[PDB]
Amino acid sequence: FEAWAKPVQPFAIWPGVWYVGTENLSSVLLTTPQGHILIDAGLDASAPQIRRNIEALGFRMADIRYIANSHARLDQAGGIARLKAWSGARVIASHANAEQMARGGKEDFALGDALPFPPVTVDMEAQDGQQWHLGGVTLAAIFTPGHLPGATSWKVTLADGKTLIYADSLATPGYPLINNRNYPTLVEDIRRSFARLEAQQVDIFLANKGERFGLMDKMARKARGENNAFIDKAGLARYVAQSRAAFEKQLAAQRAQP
């Protein structure tokens, strides 16, 4: 997690959308005249850098009204506790992420207690399709389980009409996929999530890890003048198609075991 947590200069993804995360751990600040929304928070060790990034852009922590979480593991929810204690924002997450966040990431269906992080109490438990309206911006929950029982993707309708999807992970490394004791609906959930994300209309494709939406390349191009570097209308469909191909290959292999 050292390389992924290396600091990066914050920058504008698009008017009202700012990248404040690390080299590969996404954290996105959505700014409005009525307050701000932060999506994900890196590691607990990332929280200070994320706060500094937000303040380096010219914004203050007190104005953040909502912290939203994709999935409750230490590299996406790890910094939420401290960013919450610095901003007074309310945390938004699915019920399943809320439970795992309360136990500090323990009792992970796949990881057990291996990778804990500071516990957080979710303030608003999101339902699939639930909306939050903030200064002309609209935040919508898209339940995309599979990677975790409560894995959540986020759709943002911006003040200018552009649509932004923050895609959660669809990865299953080392997962027991067949008759999984702790997550019996895993395969059914992740396939429905493939269809759900592939159906989204999208102007701006982001994700919980920079590698999944080409953060580094698009950042370089926008720095060099390409103002539309993060307009990526085919990126989400490509991300799903590749995730699906990888998932079904892993499942076929497990199904072929003696």
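One rule holds for the numbers: they count along the sequence shown, beginning at 1.
- As recorded in the PDB entry, 110-118 is the stretch of 110-118 and 168-176 with the greater mean C-alpha temperature factor.
- Mean CA temperature factor is higher for 215-223 when stretches 55-63 and 215-223 are set side by side in the entry.
- Note on the listed residues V91, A81, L134, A151: the highest Cα temperature factor in the record is that of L134.
- Highest CA B-factor among the listed residues (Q76, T144, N182, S87): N182.
- Ranked within its chain, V8 lands in the middle third, by CA B factor from the PDB record.
- Annotation for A229: C-alpha temperature factor in the highest third relative to the rest of the modelled chain, per the entry.
- In the PDB entry, a CA B factor belonging to the middle third of its chain's modelled residues is recorded for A41.
- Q200: CA B factor in the highest third of modelled residues in this chain (values from the PDB entry).
- Ranked by Cα temperature factor within the chain, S70 sits in the middle third according to the deposited record.
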